[PDB]
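Shown next as structure tokens: one chain only, the form deposited without its partner chain.
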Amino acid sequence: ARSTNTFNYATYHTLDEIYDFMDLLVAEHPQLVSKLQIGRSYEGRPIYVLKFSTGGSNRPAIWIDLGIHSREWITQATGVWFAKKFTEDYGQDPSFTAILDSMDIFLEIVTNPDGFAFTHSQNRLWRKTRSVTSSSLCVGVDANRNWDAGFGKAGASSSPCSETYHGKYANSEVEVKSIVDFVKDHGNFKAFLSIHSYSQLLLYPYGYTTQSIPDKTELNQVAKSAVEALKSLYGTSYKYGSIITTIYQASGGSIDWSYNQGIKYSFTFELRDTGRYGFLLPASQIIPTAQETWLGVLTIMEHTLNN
């Protein structure tokens, strides 16, 4: 792909293709997009975030990350599509234009680059990072169990060989600490969205505790509105609710952490499907998934801009 206009959005790509895509995009829309390196992975690959902004100084922002679990390929694919869509819709879509005119969007397409490279080279279903666990033969940590939110409580495994291993301590994974430092340093994030697959769910906090968040009514109403928007295109049906009541008890998850930092609009999307293909969703479903997920995300952004 010589231009972001010739990149194939309807197929799954490797890490290099996605990193090359980032530079094409910046080159084409220098005034709107910037590439930031917020850290380096365990195996030393750069960790990149795309910043979409029309100016200002430390405008309130929206965080969106994809690919924290490497095998959920539909998420990195949706992230690439979103990056392109942002550049297409600014100045065309009134709603999206109003958002970018007042807020910045930070997009992390490949949150776990080492695991992503591993899914391409050796094990398509790899979920964790690739950090070497000292007193074990088992590699990696579930980066979505490593956050400082009920860290180590029920909903995570203490065994290094588990798919849900939480790691030695909160934020032990550089892929996680890189995000934590960046968001803490920025201090003006208003929304935090973390995308996964599969199950077709829209979740809000909490996963580590049965306690209800103080903003439950509002977040529930936003979730309802976002799922209605998403369903409007292809009829894809999503359920919504707090993590613990909807999926399962899970400790150390990112949105529990972000909400505890005061970032009210903290949500996780679990993309298509419901099990027919699961992690191996056909390339033919990439665009439809991305398009409908965009309506759900845009709904949340609109609420953020106004409240």
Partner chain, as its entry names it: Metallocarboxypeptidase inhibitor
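Numbering follows the first chain given and starts at 1.
Higher average CA B factor: 137-145, of the stretches 187-195 and 137-145. Once the C-alpha B-factors are averaged per stretch, 69-77 and 162-170 rank with 162-170 first. The residue among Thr274, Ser34, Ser266, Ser242 whose C-alpha atom has the highest B-factor in the PDB entry is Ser34.
Out of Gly56, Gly252, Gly278, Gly44, the entry records its largest CA B-factor for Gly56. Annotation for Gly235: CA B-factor lies in the highest third of the chain's modelled residues. Remark: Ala10 belongs to the highest third of its chain, ranked by C-alpha B-factor as recorded. Placement of the Cα temperature factor of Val26 within the chain: middle third of the modelled residues, per the deposited record.
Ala283: CA B factor lies in the highest third for its chain, per the PDB record. Per-chain ranking of the deposited C-alpha B factor places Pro113 in the lowest third.
As for the form deposited with its partner chain bound, it is not shown, yet the points below apply to it.
Residue contact check for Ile263: none of its heavy atoms lie within 4.5 Å of its partner chain in the deposited complex. Taking the partner from the other structure, its partner chain in the deposited complex has no heavy atom within 4.5 Å of any heavy atom of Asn171. Under a 4.5 angstroms non-hydrogen atom cutoff, its partner chain in the deposited complex lacks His29 among its neighbouring residues.
Contact between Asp148 and its partner chain in the deposited complex is not found at the 4.5 Å heavy atom cutoff. Considering its partner chain in the deposited complex, the lone stretch of 186-194, 173-181, 98-106, 159-167 in range is 159-167 [heavy atom distance within 4.5 Å]. Think of it this way: in the deposited complex, its partner chain has a heavy atom of just one of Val33, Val49, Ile244, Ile62 within 4.5 Å, and the residue is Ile244. Although its partner chain is not shown here, in the deposited complex the stretch 36-55 places no heavy atom of any residue within 4.5 Å of it.
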